[PDB]
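Structure record follows, encoded as structure tokens.
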Amino acid sequence: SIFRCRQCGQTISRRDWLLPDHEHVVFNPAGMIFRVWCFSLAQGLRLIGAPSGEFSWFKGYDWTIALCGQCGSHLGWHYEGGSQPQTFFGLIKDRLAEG
Ligand SMILES: COc1ccccc1C1=NO[C@@]2(CCC(=O)NC2=O)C1
Ligand SMILES: [Zn+2]
Numbered sequence: 020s021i022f023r024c025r026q027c028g029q030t031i032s033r034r035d036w037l038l039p043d044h045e046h047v048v049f050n051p052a053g054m055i056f057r058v059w060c061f062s063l064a065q066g067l068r069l070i071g072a073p074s075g076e077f078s079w080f081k082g083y084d085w086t087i088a089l090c091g092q093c094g095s096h097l098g099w100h101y102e103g104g105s106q107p108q109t110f111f112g113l114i115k116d117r118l119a120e121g
């Protein structure tokens, strides 16, 4: 079961790569609600800019904006600088399509 970019079909992740709960409903400072699925691994993304800790939803992690490497759609964030695990992907579920 493969996760693709909803806009262009870019290969992003797999159900097998979900990181357990795997679903987190969060809000950013602009009040936008994101239903975020955590993945151990993802591909086909472009990480833009430098990591930031500001308003991180996950204690001990910095985020980098993750675009679809193909169409540039915002699919979520790469998280790093934490412990167990050091890195993971928080992807916006409704911006993916499952096979
Ligand atoms: C309007 O947005 C911002 C403006 C300024 C600084 C940060 C943000 C952010 N929006 O969403 C983020 C995504 C990563 C995260 O874990 N938490 C968030 O809240 C970061
Ligand atoms: Zn795309």
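Take the sequence shown: its letters are residues 20 to 39, 43 to 121, numbered as in PDB author numbering.
Even for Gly, the Cβ is constructed at its ideal location relative to N, Cα and C.
Query                                                                                                     : Result
Nearest-angstrom Cβ-Cβ length linking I31 and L113, presumed shorter than 8 Å                             : 7 Å
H96, buried or exposed, once every other Cβ within 10 Å from all chains shown has been counted against 16 : exposed
Distance CB(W36)-CB(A72) smaller than 9 Å                                                                 : no
Distance cut-off 8 Å: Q65 Cβ against heavy atoms of ligand 2                                              : no
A119 - partner residues in DSSP beta bridges                                                              : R23
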